[PDB]
Every structure is written in structure tokens, then in C-alpha cells.
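*Asks:* Below you will find the structure I want to go over with you.
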Amino acid sequence: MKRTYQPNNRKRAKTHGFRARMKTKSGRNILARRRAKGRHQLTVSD
Amino acid sequence: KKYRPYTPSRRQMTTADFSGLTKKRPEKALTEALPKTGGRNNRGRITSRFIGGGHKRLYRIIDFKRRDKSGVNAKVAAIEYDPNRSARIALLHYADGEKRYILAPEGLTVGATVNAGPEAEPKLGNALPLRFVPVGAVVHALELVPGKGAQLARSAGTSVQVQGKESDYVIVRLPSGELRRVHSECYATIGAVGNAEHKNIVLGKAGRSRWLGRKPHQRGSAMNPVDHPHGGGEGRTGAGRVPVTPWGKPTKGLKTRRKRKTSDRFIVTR
RNA sequence: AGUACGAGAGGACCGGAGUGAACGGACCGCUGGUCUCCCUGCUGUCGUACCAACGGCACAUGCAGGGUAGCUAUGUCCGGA
RNA sequence: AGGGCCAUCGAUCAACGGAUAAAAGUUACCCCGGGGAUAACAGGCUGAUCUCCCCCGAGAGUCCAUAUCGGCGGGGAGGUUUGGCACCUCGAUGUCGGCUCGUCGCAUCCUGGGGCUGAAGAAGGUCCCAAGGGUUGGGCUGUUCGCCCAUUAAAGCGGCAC
RNA sequence: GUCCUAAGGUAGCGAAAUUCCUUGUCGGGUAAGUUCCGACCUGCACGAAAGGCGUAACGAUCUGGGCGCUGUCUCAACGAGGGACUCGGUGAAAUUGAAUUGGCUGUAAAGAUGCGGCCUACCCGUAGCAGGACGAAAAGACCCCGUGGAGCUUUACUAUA
RNA sequence: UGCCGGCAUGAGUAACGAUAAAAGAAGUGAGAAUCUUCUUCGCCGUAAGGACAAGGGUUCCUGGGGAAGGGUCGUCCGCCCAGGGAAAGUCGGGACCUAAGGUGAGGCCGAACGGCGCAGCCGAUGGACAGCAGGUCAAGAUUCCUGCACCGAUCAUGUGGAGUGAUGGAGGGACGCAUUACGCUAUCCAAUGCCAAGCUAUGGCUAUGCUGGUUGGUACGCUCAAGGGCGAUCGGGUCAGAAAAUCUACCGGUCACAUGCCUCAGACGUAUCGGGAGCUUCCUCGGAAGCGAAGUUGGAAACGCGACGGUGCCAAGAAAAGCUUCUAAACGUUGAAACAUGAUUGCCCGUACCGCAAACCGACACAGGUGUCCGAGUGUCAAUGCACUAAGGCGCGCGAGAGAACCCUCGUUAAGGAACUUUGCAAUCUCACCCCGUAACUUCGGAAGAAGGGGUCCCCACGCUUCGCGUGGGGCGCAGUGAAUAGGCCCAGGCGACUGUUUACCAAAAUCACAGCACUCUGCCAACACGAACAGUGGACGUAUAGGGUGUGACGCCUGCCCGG
RNA sequence: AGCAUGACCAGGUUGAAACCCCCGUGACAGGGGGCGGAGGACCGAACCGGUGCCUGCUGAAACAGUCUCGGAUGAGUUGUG
RNA sequence: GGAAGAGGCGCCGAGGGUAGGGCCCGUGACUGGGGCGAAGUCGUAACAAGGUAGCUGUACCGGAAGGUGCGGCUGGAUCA
RNA sequence: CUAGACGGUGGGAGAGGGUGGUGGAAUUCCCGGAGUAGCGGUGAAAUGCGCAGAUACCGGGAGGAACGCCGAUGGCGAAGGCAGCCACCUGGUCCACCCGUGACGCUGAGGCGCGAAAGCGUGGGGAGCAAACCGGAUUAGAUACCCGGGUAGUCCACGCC
């Protein structure tokens, strides 16, 4: 039956996918909360 | 076994109890358009009201009566039920520019005349100043808006007796608010309702309307200790003339003062 | 033993052959099942072109019945004197 | 403005070393901290109440102590009668009952040989001795128990965290 | 008569999914009951709208019986396909101080097998069984202690839209 | 009672996976039982088929080697290694339209971040083909070979000889439910209809006993329109579809139900060339295979095509590109466009693998998993329940013996049929079609498709008989739809008026759940809801026999003294 | 839950309202059936969810299997968003 | 050489049973109603203006006979 | 053949019926007004309204239902039942002038109609008063008779006995 997620990630593009933290300015720092903030790569392009 | 006409009030059949709907209609294809509109159910970043709110929205469309006239000659013929509520809605005619839904007294076959003109025809008419009330029969088009004029949209009541003529110039009663002489200076279309009672006429069971337009309710007492006191006994209620979040179940009155209702007394209901 | 006893109903210290119980085994040859391949009975499908005639499937005999060598109880004998 | 000093006044705070002037109920949905050094179900020191015997004279037995009991009370064995103890058991031992395995003890529930019998027989009434054996099916209940139906030589009592 | 008055019991049922006290008291069903009913009424502390009764079908709700059966219980009986045994490979986890790891009766913070005193076995392998280690798991979460938390409600002290 | 790293022991036992049969010849070589060329067996085949949907991305191949994995292992993998394989103008994105909703400079407001929205883009499965069957290797197909449809398309000549540019109103694509048939073939079935490769000691027949095999769209016909809707030249919108006009709308004649707007499978329905077994051509393995014959007759279901076809119901069923509905400044007289035709086009990406599938999610290749299209068969009221073969998938991550206790699974009983026990859940029993036959209660439509009685196969005087039953003489077995398919029955007492929810894994009940009525308030740019933000709409696009809270919940009679609090 | 586009339902039984002729029938209410076609009806496949035993809790899997039901002309169910 | 007993038989039906229906007598713990007996209980609508002139029709209450909404009626004595 | 029954002409009578506007003394009250201390009601009193302006008095207003006078031995009327203007429709009734059809009729468990007030239901409705319920008060006792309120109700449609 239905799991808890399943494929198809539209709400991880124009919302929470790479370039979608400008729509929410105080999300830009959130996007920048693991790149220009601390070590490590990112989590949207592996 | 009484009114006009066909009420599906099945006297206990099979999962379809005493219904109650429709009438006759010539059955129209489908509406040409439906200006602006938009939708329903919820609004303002939130929701509001947790009672009713089905699927099918709109359809109703405006029904601006007579903003102008000056000479029209109409006719009337077809008709079509449509707005959110079961109430029919007429069909008008003419041939000039717009349509504007118009109102509908009682039903007609193939004829009429119409004029919408100050001093015109005894039968069905529209636009005209206000002092024109010798008898004041069925209205079904009352309205409060100087230039504009519409108001009601329901097959319930729509019949008001007009008072005399004294100072402050006040007349006309209203659907269900006893004795409240209103100030007045507009118009309507003066006509019946067509299937009067037909507005709250009972249904069979539940599950073919309450979803299918509106939504499933017959609740009360959240039994929710937080903001909902009603609920926390062996099975009784004891005291507490409370409704919800202490909103006073009883009358408690309300709106008063106001523009109008400052010379529009007598509004008590039984 | 219809006695000692009992004025009347009835009925022993001794043992005697005799009927029974859950209760030890045994035994197949009195009673029965069990038998999943030995046969007959029947509907549906196929393989033999096709037919008397048969096989694969229907719980690992489909359905009605039958069945030995074996097993055990209701099968029979013995058990405490 | 104030302070201290002389002295002094404001709280059944009568929770009276009170400590704030200042405040309720509820969880068998619970989570944790520990726990029999903080209960309850078994043992356990104990032996209240439990089954059984002992003392002579009042009273039944026609009178008449003991065929059988016994006003009042007196010595205890056992103690699994509902418990008094909170000793290790909360790094956790889950009521009771039901089928079956049941195997122990005897004070003996039914035989046996014996004391007596206010017992003619038939059949019992109480006691002595040891285990050799053995002790149903229905009704209800979760049933320990219990009474109701017929049987049964009779349908046990204390075992075992009943 | 009067206390209380703020008032101050009627439609139905009445050991029925309200009776402690008792399984009530009479009666049907087989012999019979903490049961099903028919009533009586001295119904712990039933009822008026979170009702009372009535009331057909229908609801994987409790109780009585019967109709043929369910052969459950008595002994249940025998057979099968598959696991328990011959052989090739793979074989872990929960857990745990350490085993020349028999018992009594006793003793011990009394539930002792390494303790007392006594008796006793040729040592080992595997099949099978539960009385056994106070069986295993989370340091009972039933409870109490804890000037612990969370959760809900009430006019608890009080904030507050 | 730590944590990781390693050695451990439970111990070699339990177990190899749904218990849905397999033997072997032979290839190979390192021996071979599970590979390969293959005759025999059986399980599924509304499947455990094939294609489309998500997924994995490397599945598929030319094949190759065990270190390790597939819980034996193995000369099998989709392990590991280089290469090979999904060839586009029309099946696929966009651009032409769109419901949740997101977003949208200005703006409606918020302490910022922002929330939202006017002109808008998106966001979808969604509106949009104008070709079908053959010739294809190691894998790919309607793009590769052949008879074949062209929607608008690239230019120019020939009836037009003159029209036309926006968001469009159109007609309409815009379809709700159910029934009935008034239509239908592929496909299926009647095979001796056409042509035959040829026949068996089996016993038996060689002939009305016999394997097998034989149409397709482009095209259009009083032998395709079965079936649903009446057509046209004069005047005007006593003032707006932000103008006009050949859309809509209404008034006066001559046609004025004298005439048509409209199709699923046709009795040329065709040009086509494929077609049984094959001479076998082939190193006479692999199979590359020359060439080639029957162009026929009806009768069974569609969720395939009529399918706004009809009546009826409504809880009253979206705005919607395109042949098609209409043009203003301007454009326009001899050329701009609609016409016929040669020529010309749809861009990159998938089009290969398993696919309700050990390979996609369950810590793994664990007996789990949900969409879409076909869906041979006789038998059977239908039957996708039920037996078995196609095509196709296949013995599943094993193998044998002896098959003690016991153990899960199945069946059959003497003696009683629930005495068993908390109560027949379980167990196990049991419930054909046709006819006649049929209650207390009852809102009579029911309670019962009740109980009960006869038959239903076969030879036959015989129907609408291309298929049932039927007045009869009768045939086999103990019994006859006979295999499989299946309400247990009845009275009564407690709760609920039955369809709905779920203890996501103990527990689905008298519990909540329905109209009716009971208390109302709001009564509008409304009460209320979320929102500090009112912006927002829900309410409804409504203003009341309307909605938010609260009570029981068919219907029938009724519902009360204490407002001290 | 709310929003949209599509979708799933082989039959039998019961077969009611509408339509029609007749009629004891003034009007006319009403009566026969015909077709009609209704009803969270009937068995129950697919489809949604489940009342109880069973194997088994390192078992197949941190998760099931076998048998009995209703929804099945709809307070039905569903793909994706 | 067509044959008696009938030998196999075809619906009748005696007769027993498993079932659904109606009917009948008795039975039945409990309960509603009518009369009997010292006229047992408490009060007293209606007979007289028997304290509302009288019954009744329906309807609620309520120890009871009864209370109250209105109408018919003369079967009401009398001077409303 | 017309005495009966039947229809014609010409007139007249009324509270016969269904519908529509309503005429006004009505009486409870909403409001302003004048603006004092009681009103009310029994045979004696009171719940109530009084210091908030009660009782009453002028006007504006909401309304529902009733229809004095004529009214008497009255009329309509099968009968039940019905006494305001007008109108659409309509029933039964009257003599004279005979017009003719020419026995064409009177009754009749069964049915159809009516269906006195009230009483059922759906929606409406509400001034006056009224079952239940509730007050001051009789008396020993008073769910009667006085007074004081009020729900269905007395009210329009339609289906019941």
C-alpha cells in the first residue's frame, strides 16, 4: 500500500530544491546554513 | 400527498428515505458564461467555519436587476435552476447587450410580455420608482442599494406587505423579522416564488448532498478540556449554560446601535 | 439361609461356583476402522484421428464403496485369593 | 526625602524554628529515578480464630456421670483458617480454577482384625493400630467454596509459593 | 403533624447491560442452578429529554432449549505429506563469573546442589521431557518514596489574546 | 550490565523458504544430480502472460574466469571484462486552454523575513494523429522491404477574379445515473465450405472416418447514411458581446413538416501477396530455404462503434486549442487568402529489460505490495468459482533414505450425538434448477429464493425444434444436474432503527455515525473560523423554512413541583 | 479531510413509480395487468475493510497464512497530482 | 400351436412419519372487571340553587367517585 | 292520456356556499404626552403592577379574531349548519301564461356525501381567554366556585372519527 513518501519530487525544486530559498529570503541563510555556514558540501545535489 | 409536485419522499424504501426535490423545468443546455466568480469553502490564510463546504462551487453568477431601462420591451420564455441553492433562477431574454439573470415569479409556458417601465403592465414587470404599492403582492426581488438592486436568491418566503405612508417615510414588512418598518427607496420585480415550501424540503438519508455540495454536520460538545468545557462526566452535563469557549448559548442579544435600527424598531422573533 | 436372633416385619461369625467398573498386558484367527493406488460406479478437460477401452486433475484415490500384512480399543483372556 | 537608636504597634501563620504575603483535583495511556533497606500474592518469627484429645461434679438417659454429651474452665501437637513482621527477592518470582501427571502423609475417606456399645438379627454409634489399594458422572461459575439430581463400600482432612 | 422548602415524583420497567445485602420470593423447561422469562415489590443510591416505554427487518453482543448434525469427552482409533534419525554445505542471535552440575533432612537475611551430617553412581554420546538454576527481556512502568515531567479538567493563586 | 575492533559459545543440532511431482539419453569436461539438442510429467494460464504507469539505471546480448556473493555448490548470473543493441515529418515534452495550489514588478497589509493579488506563467493524466499488414540479424521497433492515410504544410500555374488582422460570445469539443435493446464484426464457433500431407498388426477403417491451413486500412457506391435535429434571397439590435458586423435575439411574405443537417460492422469492397505439409536446396548440426495451393456459407459477448439513442431521475452534470462561430486603425482594384497540384514538414527524448514483477518500496534475490489494455476452449442458467492443453510462465535458493515418540496437515468410525465445556468460534455440518407447494408477526411490497413433493442421462410416434421442456413403452447402476459450485433451523429475553469509523499489530460492541424536532444567535462589506496583518474567502458569491454550538435519534403517546444556589 | 482529471462493478432473484386499454365507475377517486424501471435489495467474483481458531513470535518477514462477511444499480471503491 | 399360479411391473389406497395451518378442552405463579358478607375504609360530584342548575363529546391531571376549554338539551326550582 | 315527475317564460326571497379589497364602537399593549399614590379585583382578600411614575387620560402605532342595533313566534337550510359593503361562480324555492316529453317514479343493511365544540398532522399564527402547570385565598381538609397568568388550543390549507 502507500508507504510514507514514494517518488516524484516537485516540492523539492521550486520550493525546496536548489534555487528555492529566495522566495523565502530568510531561507536563503537556511540554504546557506550548510555551505557558507560550517563545513560540508550540500544535500540537494548529493 | 399535498403540494406541487413530485417529492421523492420515498416512504421507507431502500437506503433512500423520504427525499424531496425538483419540479418541472424545460431543461436548458448549459450556461453561456459566468463572469468573475472564484470559489468557496475557506479564506484568509486560514479556513473558517467547520460546518458544510462540499465540492461544487459557483454557478450562481450575478443578477443585477435594473440599473437603467428607459425603454426595453422583453419577453421571457425559458428558465433554469442553478445557483448554489435549489431555487431556480429564471432565464430572461431581450436582445440589446447583456443578460443579467433577472428574477422569476411563478412559472410560465410560452408567452408573457414584460416592459420594466415606470407605469407599464399589470403582469410581470421590472424597473420603476417606489411609491408604486397599492396592494403589494408577491415580490421576490427586494433590494437595498440605490443605483444597484438585487438582494434575495432563495425560494423561501419572498412576499411582503407594504405599510401606509407617514413621517420618516417608512413602509414594507420583510420575510421573517416581525414589525420592523424599514426605510425605503428602491425597487424589485414583484412576482411569486414558484414552489414556495420547496427550499428546505426534506431528503432521504445522508450521503448524496453533504459532500456533494456541502458537508457532514450534526455535532456539539467537543469534550475537549482546553477551550471546550462540555465533556468530562460519568455521562451527564450538570451545570454550564455554556456553548463553546463561553460564547453564551442563550440569546445574549448582539448587534444594535447601528446605521438604521435607530428608527427601525420592532424586530423581536416570537 | 428363610437358621442362631426375633413375642410380630426380616435376617448372621466361615467360605463357597457365580454378574460388573475406570483400571497390567497380550493376541490375531469372533468384532471394526485405518489402505494415499488393486477394481467397479459418475460429471467435467485432454492424449490415441476415432470407438468399445484407458490414463493426467480435482486433499498428494475427485466423488459412492470395497480391501490383505499391521494397530488398537468397544474386540478376548488373565489381574490383586 | 532617610537612617539608626529609646520605646513601641500590624497576621485563631492555632501548619505555632513557622522558613513565600502568593496557589486545586486527575491517569488502568503513561516515562523515568529507585524500591519488599517503602504495601499487597508464597515462605518466614508468631501460633489470635481452625480440626482433635485431656479434669471431676452439676444435667439427659424411668432413677442412674461418661452406650453418647457436657454450665464454667484448665495443657498442648499441628497451624496451609484470615493474618501481626516489612529479612534478600522491583537488574522485575504473572490470581484462581479446569484436563492430565500426579507422587507424599494419616490423623484412616471405604476394607481388615480389635474396646465398648442403653446393639437380638438387618444396619450402625465412638474409639485402637499400619498403609495394601482405592474414591463418578450431570447444573452454574473463572470458580476455592457452596447447595440442587442420582449414584458411589465412601466421596477425606493438612501436602506442594491453597 | 411538621421539618425542608430551593424544592418536595407521575407515563414505563421494576434481581432488566442500576441490588450490596441473597443465587429474593411463587411458577414453566429436563432432575436440578449466580442463568431466559411471567409477575409480585420492603427496586444498595432506575426516569423525563446526555429522555421512558413501545417497536418489523437488520448488527462477526449475552443467555435457554430444541431440530439432524459438530464423533468435542469417554480410549478415541489407524493411515498419510511434512519435521524427530544416514549424508554433503552453510549455522546466527537473546545471554552470560565460574561447573569433579546426585539427593536428603537440616541450616542459612529460614526457596542450599560447593554448608552441615548421611547415603549413593562404570565414565561418555545422542533422542526425548519439563521440577530445576529464584527461566530469559526493559534496573515492575500495579504501588510508595521523588520539594520528577508531561498530559486534562475545576471558580485551585494568577497572567492573558 | 559500558562503546567499538576481534575471538566467541547456543553446535553442528533447528533450518535451504510457501510440499505448486519428475526420470533420462546426449553436449562439455575436472569429476557432473539440478546447463545444454531433446520424447515422455505436471502447476498457473483473470495467471505466477505480453504492452502501457513508478521505480531501479544497466537490465539484453558477442561471450567470457570462480576470489566473493545467488544462505550447498556447480563449468548458469542480469557477479566480474571490451565491444555490441532502444534509426522518426506525424506514438512523447513545449508553444494554442486549465480545477487544488504556488507564484506575480505595482499594489492590499505585516517590525523585518513576508502573507496575498490585479495584467500573468504555470501545475496535471488532462482539448490536439492525417497508415495498416507483411520483408529484420546477437538484441530495436507503426521510424528497416512492399500495395497504403495525409490535418495544416516549402513554391508556382489554373475555376476564386478580389478580402482580411484580436480575448472572443458559436454551433460545439463541456460528457451526471440507470435501463432497454433498435446496430455490430475482428475475435470466436458451424469444419469434410476450398485444398488435401495421407492412414494406424493396435481390434477397427480407407471413405459424406480423417491432421491443417484461407481478407487490411487511403478510397466511396437508390448491394454502407442501421439510427437523433425543419431549410431561405427584403426591413430593425425605440441604443454596448470596452466599436461594427455574414454568432445570439424578436416582429411581416413567397419554400416554409413543398427541400435535410447526419454513420458503427456492407452483397467490387477491391490494387496487395502472405498463407497448410512442404522438393528440401544447407558443413545434407545452426536452420539461411527456392517456390507455392483453398481468394466460400451462417450463426455467439463487449465497458468496440451508435453511445446530448430514447424515456426517466438529478443529489440541477467546468471556463475550455483546432476544418468550423466575427473584425475595427490599417490592409484593400486586377493578388491577399480560403481552392486543385507537383514539390515540403512534426525539433531533442523514450520506442531494449521485470512489471500488481525473488530483480521497484519491506535492514537482503523473505511464501507482501496498488493502476491500465486483451483476456482460445469445450462443460456449466452466467460464472473471470470450478478440470486441463495452447500461445506463454514454470519445479520456486537444494537431495535421498528410514518414513520411532511427538508434530503441523487430511480423511474414515462400533457404541451416546454435545453429557464436552465458561457458550455447538473452531471443528465439522450444511444450504442445485423447473414445477407445484408456503406461517405467528406484518408499515403487507415482507417475514421463506423457507418448510415439502416429482424430475432432469438414454432409443423414440413430436414443438419457437439451426438450443430447452414435453401425454408415453423402456435402458444402466445401490443411487442419474449426480465430479466441483452451496442461508445450518425456530421460538424468546437484554442493546441498537440496519448501509459508514476504527484499538494504524489483542480486543469493531448496547459506541459515534440519518432525516425529524428541541436552545438560539448572526441577521451583513454577518455572526464564526484561521489571520496579532483586518488583506482572504469559506459562510455563498449568501443575507434565511441560511449557517456556528449543544440533545436524542424510525415512527406512536408523553416529557414533569426545588430558578435557595 | 478538502482540489482536479480519468477509472473499477460477470449475473441471477425482487422485479415497485411513469406510459396504456378496460371498468363496478357522475365527477371521478379507485381497481386488472402491459411495458416501465426503482430500491445504501438478494448470492457473491473483481473492488474497500475486516468477527474468531489455526502456524508462528530470529517465524517468511522489526512483517504474514488457511476458512466464514458486508460494500457488489452505491452515507461504494481507485491512479496521480 | 395365443396357457393356469401369477414371474418383473403402473398412478389407486390401507397404514406409519417428517414437516407448515387452523381449531378445542383443561391448565397456568401474576393481573383488569361484575356480585356477593357485619352493609368492613376515608371523605362526600350528582338527587332541593345536594354548597358550579344536569348528563354527555373529547381532551390532561389526579387515593376514588372528579377537576378544567366549549357546544348540544330541558329531562333546571325560582324573580337576569 | 297528464293528476305525479320533468324542463320553458316573467318576477321575488336569505345568516346557503367558495374567493378577493375591507367598514368601524373593540379590547392587550409599543411609544411620546399630562404627569400622583394607588390600581385592581371578593360577600370579606391577594401572586401582580408602587418611589423606575403605577390607575387613568390625547395621539401615532402592531394585530389577530369577532360581527352589537335590526333580532322577535324571523330567514337560509335535505339536514349539519349560517345573521358586515360590493363582485366571479353556484345551490333549493314561489304563482299566473298550461309549452311539451308522456309513467318517464317514492324508498331501499351494503357504499358515496354531510361529518355540532373539541380532538390528529405539516406549515402558519397569535389581541382577548382558556385543559396541564402556578399562585393570594375557603376551610379541618380544597389539584372545586373568586381572582390572578399561560402552552396545544379559539385561527387559514389539507388528510381523520
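Listed in order, the protein sequences are those of chains A and B. The working numbering numbers the first residue of the first sequence as 1 and each following residue consecutively. The working numbering numbers the first residue of the second sequence as 1 and each following residue consecutively. Ideal Cβ positions, reconstructed from N, Cα and C, are used throughout, including at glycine.
#1: Under 8 Å, do B/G213 and B/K56 count as touching if we go by C-beta distance?
#2: Rounded to whole angstroms, what's the CA-CA distance from B/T37 to B/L128? Just pull it up for me.
#3: Do the stretch 185-199 of chain B and the stretch 139-148 of chain B touch if we need at least three Cβ pairs shorter than 8 Å?
#4: Indicate the three-state DSSP secondary structure (helix, strand or coil) for A/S26 in the structure shown.
#5: Would the stretch 68-85 of chain B and the stretch 102-118 of chain B be scored as touching if the rule is three or more Cβ pairs under 8 Å?
#6: What residues are listed by DSSP as bridge partners for B/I62?
#7: How many angstroms separate the CA atom of B/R154 from the CA atom of A/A13?
#8: CB-CB under 8 Å to A/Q41, same chain, minus the five flanking residues each way: which ones, in chain order?
#9: From B/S167, B/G207, B/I89, pick the residue whose C-alpha is nearest to that of B/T15; which is it?
#10: Name the residue from B/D227, B/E197, B/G220 whose alpha carbon lies nearest to the alpha carbon of B/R4.
#11: Whole angstroms are fine: how far does the CA of B/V135 sit from the CA of B/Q161?
#12: Per the DSSP calculation, B/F18 is bridged to which residue(s)?
#13: If we count the other Cβ atoms within 10 Å of its Cβ and call it buried at 16 or more, is B/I89 buried or exposed?
#14: Taking Cβ to Cβ, would you say B/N126 is nearer than 8 Å to B/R67?
#15: Bridge partners of B/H183, per DSSP?
#16: What's the call for B/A150, buried or exposed, on a 16-neighbour Cβ count within 10 Å?
#17: So, is B/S86 buried or exposed, given that buried needs 16 or more other C-beta atoms within 10 angstroms?
#18: Where does B/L124 sit, in a helix, a strand or coil, going by DSSP?
#19: Leaving out the 5 sequence neighbours to the left and right, which residues in its chain are closer than 6 Å to B/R173 when beta-carbon positions are compared?
#20: Where does A/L42 sit, in a helix, a strand or coil, going by DSSP?
#21: Given B/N42, which residues of its chain have a CB within under 7 Å of its CB, disregarding the five upstream and five downstream residues?
#22: What does a CB cutoff of less than 7 Å around B/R11 pick up in its chain, not counting 5 residues either side in sequence?
#23: Between B/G231 and B/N224, is the Cβ-Cβ spacing less than 8 Å?
#24: Going by DSSP in three states, B/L144 sits in which element: helix, strand or coil?
*Replies:* To lay it out plainly:
#1: Contact flag set, yes.
#2: Cα atoms of B/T37 and B/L128: separation of roughly 29 Å, rounded to the nearest angstrom.
#3: Three or more pairs of CB atoms, one per stretch, sit closer than 8 Å, so the stretch 185-199 of chain B contacts the stretch 139-148 of chain B.
#4: If DSSP states are grouped into helix, strand and coil, A/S26 belongs with the helices.
#5: The stretch 68-85 of chain B is in contact with the stretch 102-118 of chain B.
#6: Secondary-structure assignment with DSSP links B/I62 through no beta bridge to anything.
#7: If I take the Cα positions, the gap works out to 48 Å.
#8: The residues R35, in chain order, have a CB closer than 8 Å to that of A/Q41 in the same chain once the five nearest residues on each side in sequence are set aside.
#9: Comparing Cα positions, the closest option is B/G207.
#10: Out of B/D227, B/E197, B/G220, B/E197 has the C-alpha closest to the C-alpha of B/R4.
#11: The straight-line gap from Cα to Cα measures roughly 8 Å.
#12: DSSP, once it has assigned bridges, lists B/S9 as partnering B/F18.
#13: Answer is buried; the Cβ neighbour count reaches 16.
#14: No; because the gap between Cβ atoms is not below 8 Å, this pair is not in contact.
#15: DSSP lists B/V170 as partners of B/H183.
#16: It is buried - the Cβ of B/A150 has at least 16 other Cβ atoms within 10 Å.
#17: Answer is buried; the Cβ neighbour count reaches 16.
#18: Coil at B/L124, not helix or strand.
#19: So the list reads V160, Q161, once near-sequence residues are dropped.
#20: Here A/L42 sits in coil by DSSP.
#21: Result list for B/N42: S48, in chain order.
#22: Result list for B/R11: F18, in chain order.
#23: Against a cut-off of 8 Å, the Cβ pair of B/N224 and B/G231 comes out as a contact.
#24: Residue state, collapsed to three classes: coil.
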